[PDB]
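Chemist:
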Amino acid sequence: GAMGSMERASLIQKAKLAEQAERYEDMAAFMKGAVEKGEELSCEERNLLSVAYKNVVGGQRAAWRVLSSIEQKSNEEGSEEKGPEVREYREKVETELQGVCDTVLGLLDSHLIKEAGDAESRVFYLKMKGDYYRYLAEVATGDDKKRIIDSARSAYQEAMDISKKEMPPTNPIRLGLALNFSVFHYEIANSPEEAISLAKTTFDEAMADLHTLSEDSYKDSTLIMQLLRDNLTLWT
Amino acid sequence: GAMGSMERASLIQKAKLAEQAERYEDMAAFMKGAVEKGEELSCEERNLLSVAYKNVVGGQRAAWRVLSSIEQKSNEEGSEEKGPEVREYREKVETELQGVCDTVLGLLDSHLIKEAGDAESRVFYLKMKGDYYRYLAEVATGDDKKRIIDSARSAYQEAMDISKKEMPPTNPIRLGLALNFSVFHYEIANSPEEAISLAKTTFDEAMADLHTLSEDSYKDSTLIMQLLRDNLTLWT
Amino acid sequence: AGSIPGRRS
Amino acid sequence: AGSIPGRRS
Ligand SMILES: *Cc1ccc(-n2cncn2)cc1
Ligand SMILES: *Cc1ccc(-n2cncn2)cc1
Ligand SMILES: [Cl-]
Ligand SMILES: [Cl-]
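Spelled out as structure tokens, the structure:
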């Protein structure tokens, strides 16, 4: 890659600079180069990788939704024919989004996940794998939409199994995994009851474990519990 | 270019879609392709070109300022040596910004300005030329910083001369030109008194012409007059 | 429905 | 000091 000649430490340093400059494409390229050095990632480095690509794909998903909405309006009764442009441009953004998701999934598969032995790293990467298959599922329509959905489910499920065995119920990675898996159930899998049940059980079991936490860990956990509560308020 | 095979009308349509999707890099590439079709640009098309590149370079300028501030802190008394990374990354962003400015200036020079005969188009393009030399001047430090500054001044001055001859004092292009030329005086040319005098005279002459305007033109002009007033409040 | 924002480290 | 925002057509 284009980052093969830069030191690992310099790539990490520049990824942090790019975050401060809100240059998330750069940040993602720097962290991709850091991953491709072949060494495992620290807790902080995993967060940098995640933050970079979440911002990049977040912009693409927002644009895809704008364009998909315009496209759907143009294909309604009484709509004037505007030509292939809206579809073409939505396809362009969609293709770029799928390329980013494939890049992240390729990093996880080569070889972040297979070298991740600790629960903190393994659950983190498997949650990522579920997230980026979920983003692929959001735009999928063809022969493989069901397989993409099952790939997301399978990664989330393995992460859930490990987190329930190896992490306390207030662990922020465990909480964010359950939050996103519940969003998967609601938005992707057409299982709103499973989404609500998971969010409720996750919230209640975290609530009962808060007494064990320091002030700073309490703040971390209750922040994500509020996101679970926000979704439950929207879903019920 | 990569847009040589797409219809002019499709490029314009997709530039509008990209603005709605907040995909300003795409928007700029689409409008660059539209310009390179060789036909003159309508009022609306000129605005699309301007909006696209203003957003692109606006993000680069914001990032450059963040990185330049970090770089300056690292070169202070008592600062720990962090290596070449901050300078290297600031240089990378700076180089990308200069490339965008050069691209815009190349479009104006080949051949938007020479074919612009009406005051509305010619002043618009010359204001653009002043703006993008101003952005080059913001990051300039070498043998040509003075020539870049004079290139900005010269373009602004020609635009001012035409606008005073050919446009009413409330014309929004005339007002925005004077606003940016005053910012040039204050921020680039180290002439704050010239900046204040231009802003005041522009505001007062617009105020005296508002009575001639419709409700909608009044709203357009008073919006930019408020930007002149905001600067005067900051400068005095 | 909100997933983890995860856009700031 | 603010120039024309010019970021929305
Ligand atoms: C996936 C995930 C889980 C938790 C967090 N987080 C945010 N603040 C603390 N922990 C981020 C991402
Ligand atoms: C350079 C310039 C001048 C004026 C405007 N504007 C904004 N609203 C109406 N006119 C934009 C850019
Ligand atoms: Cl396209
Ligand atoms: Cl760099």
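Those protein sequence lines, which keep their order, are chains A, A', P and P'. A prime marks a further copy of an entry chain. Per the entry's author numbering, the very first residue in the first sequence carries number -4; after that it's consecutive. Per the entry's author numbering, the very first residue in the second sequence carries number -4; after that it's consecutive. Per the entry's author numbering, the very first residue in the third sequence carries number 43; after that it's consecutive. Per the entry's author numbering, the very first residue in the fourth sequence carries number 43; after that it's consecutive. From the three backbone atoms N, C-alpha and C, an ideal C-beta is built for every residue, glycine too.
(1) Taking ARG3/A and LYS27/A to be in contact with their CB atoms under 8 Å, please state how far apart those CB atoms are, rounded to whole angstroms.
(2) Helix or strand or just coil, what does DSSP make of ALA16/A?
(3) Would you please verify whether the beta carbon of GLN8/A is less than 8 Å from any beta carbon of chain A'?
(4) What residues from chain A crowd round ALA114/A', counting only those whose CB sits closer than 7 Å?
(5) Can you look up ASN185/A in the DSSP assignment and give me helix, strand or coil?
(6) Would you check whether ligand 2 has a heavy atom nearer than 7 Å to the C-beta of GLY48/P'?
(7) What do you reckon, is the C-beta of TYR120/A' under 7 Å from a heavy atom of ligand 4?
(8) Are the C-beta atoms of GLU80/A' and some chain A residue less than 8 Å apart?
(9) Which value, in whole angstroms, describes the spacing of the CA atoms of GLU14/A' and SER74/A'?
(10) Going by other Cβ atoms of all chains shown within 10 Å of its Cβ, with 16 needed for buried, is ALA(-3)/A' buried or exposed?
(11) Can you tell me which of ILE7/A, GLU89/A, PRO164/A puts its alpha carbon nearest to the alpha carbon of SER216/A?
(12) Just confirm the distance between the C-beta atoms of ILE183/A' and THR231/A', as a whole number of angstroms; I'd bet it's less than 8 Å.
(13) Cβ of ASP21/A less than 8 Å from any chain P Cβ?
(14) Could you spell out the range, first to last residue, of the alpha helix (DSSP H) harbouring residue 249/A'?
(15) So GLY48/P' is in the alpha helix (DSSP H); what residue range does that whole segment cover?
(16) Tell me which same chain residues have a C-beta within less than 6 Å of the C-beta of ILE65/A, skipping the five on either side of it?
(17) Return yes when the C-beta of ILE7/A' is under 7 Å from any heavy atom of ligand 5, and no when it is not.
(18) Considering only heavy atoms of ligand 4, does any lie closer than 7 Å to the CB of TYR84/A'?
(19) I think residue 272/A touches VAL178/A, with their Cβ atoms under 8 Å apart; what is that distance to the nearest whole Å?
(20) For a test of the three-state rule: what should DSSP assign to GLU35/A, helix, strand or coil?
(21) Considering only the alpha carbon of each residue, which of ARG85/A, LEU172/A, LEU222/A, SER45/A lies closest to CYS96/A?
(22) If you check the beta carbons only, do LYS124/A and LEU102/A fall under 8 Å apart?
(23) Please report the residue range of the alpha helix (DSSP H) in which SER116/A lies.
(24) Going by the C-beta, is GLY44/P' closer than 7 Å to any heavy atom of ligand 2?
(25) Is DSSP giving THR165/A' helix, strand or coil here?
(26) For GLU35/A, collect the residues of the same chain with a Cβ closer than 6 Å to its Cβ; drop the 5 residues on either side in sequence, then sort them by chain order.
(27) Could you please give the first and the last residue of the uninterrupted alpha helix (DSSP H) stretch that includes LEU100/A'?
(28) Contact between the region 139 to 151 of chain A and the region 189 to 205 of chain A': three or more CB pairs below 8 Å?
(29) Expressed to the nearest angstrom, what Euclidean distance is found between the alpha-carbon atoms of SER105/A' and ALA10/A'?
(30) Roughly how many whole angstroms lie between the Cα atoms of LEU62/A and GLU71/A?
(31) Residues in the region 45 to 58 of chain A' with C-beta within 8 Å of chain P''s C-beta atoms, listed in sequence order?
(32) Please check if any C-beta of chain P sits within less than 8 Å of the C-beta of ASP215/A.
(33) Look at the alpha carbon of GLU39/A' and the alpha carbon of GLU115/A', and state the distance between them as a whole number of angstroms.
(34) Hey, would you say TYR128/A sits closer than 8 Å to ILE108/A, going by beta carbons?
(35) Using a Cβ-based criterion (distance less than 7 Å to any ligand heavy atom), does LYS87/A qualify as near ligand 3?
(36) For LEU12/A and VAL52/A', I'd like the C-alpha separation in whole angstroms.
Modeler: So, to answer that:
(1) In fact, because the Cβ distance is near 12 Å, the residues do not count as touching under 8 Å.
(2) DSSP places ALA16/A in coil when its eight states are reduced to three.
(3) It does: the Cβ of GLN8/A has a partner Cβ on chain A' nearer than 8 Å.
(4) Close partners of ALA114/A' in chain A (Cβ separation under 7 Å) are lacking, with about 33 Å as the shortest Cβ gap.
(5) In the structure shown, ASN185/A sits in coil (DSSP, three-state: anything other than H, G, I, E or B).
(6) Within the cutoff, so yes.
(7) No, ligand 4 has no heavy atom inside 7 Å of this Cβ.
(8) With 8 Å as the cut-off, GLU80/A' counts as an interface residue toward chain A.
(9) About 43 Å.
(10) Looking at its Cβ environment, which holds fewer than 16 other Cβ atoms inside 10 Å, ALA(-3)/A' is exposed.
(11) If we check each option's Cα against that of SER216/A, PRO164/A comes out closest.
(12) About 19 Å separates the Cβ atoms of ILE183/A' and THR231/A', ruling out a contact at the 8 Å cut-off.
(13) So no, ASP21/A is outside the interface.
(14) This structure cannot settle anything about residue 249/A', because the visible part of chain A' is limited to -4 through 231.
(15) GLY48/P': not part of any alpha helix (DSSP H); DSSP gives it neither H nor E.
(16) The beta carbon of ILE65/A lies closer than 6 Å to those of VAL81 in the same chain, with the five residues before and after it left out.
(17) With respect to ligand 5, the structure shown offers nothing to examine, as its ligands consist of ligand 1, ligand 2, ligand 3 and ligand 4.
(18) Yes, Cβ of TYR84/A' sits closer than 7 Å to a heavy atom of ligand 4.
(19) Outside the displayed span of chain A (-4 to 231) sits residue 272/A, for which this structure offers no information.
(20) The answer is coil: DSSP assigns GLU35/A none of H, G, I, E or B.
(21) Per the Cα distances, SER45/A.
(22) The Cβ atoms of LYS124/A and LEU102/A do not sit closer than 8 Å to each other.
(23) Here the alpha helix (DSSP H) through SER116/A covers 114 to 134.
(24) Distances taken from the Cβ of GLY44/P' to the heavy atoms of ligand 2 include none shorter than 7 Å.
(25) The answer is coil: DSSP assigns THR165/A' none of H, G, I, E or B.
(26) If we look at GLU35/A and ignore the five residues flanking it on each side, its Cβ neighbours are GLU110.
(27) First-last of the alpha helix (DSSP H) with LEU100/A': 80 to 102.
(28) In short, these stretches do not touch, since the Cβ pair count stays below three.
(29) Going from the Cα of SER105/A' to the Cα of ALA10/A' covers about 21 Å.
(30) Cα to Cα, the separation comes out at about 15 Å.
(31) For the region 45 to 58 of chain A', which is checked against every Cβ of chain P', the residues closer than 8 Å are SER45, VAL46, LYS49, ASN50, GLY53.
(32) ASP215/A does not count as touching chain P.
(33) Whole-angstrom Cα-Cα distance: 12 Å.
(34) Result no, Cβ atoms of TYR128/A and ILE108/A do not sit closer than 8 Å.
(35) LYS87/A: yes, Cβ under 7 Å from ligand 3.
(36) C-alpha separation (whole angstroms): 19 Å.
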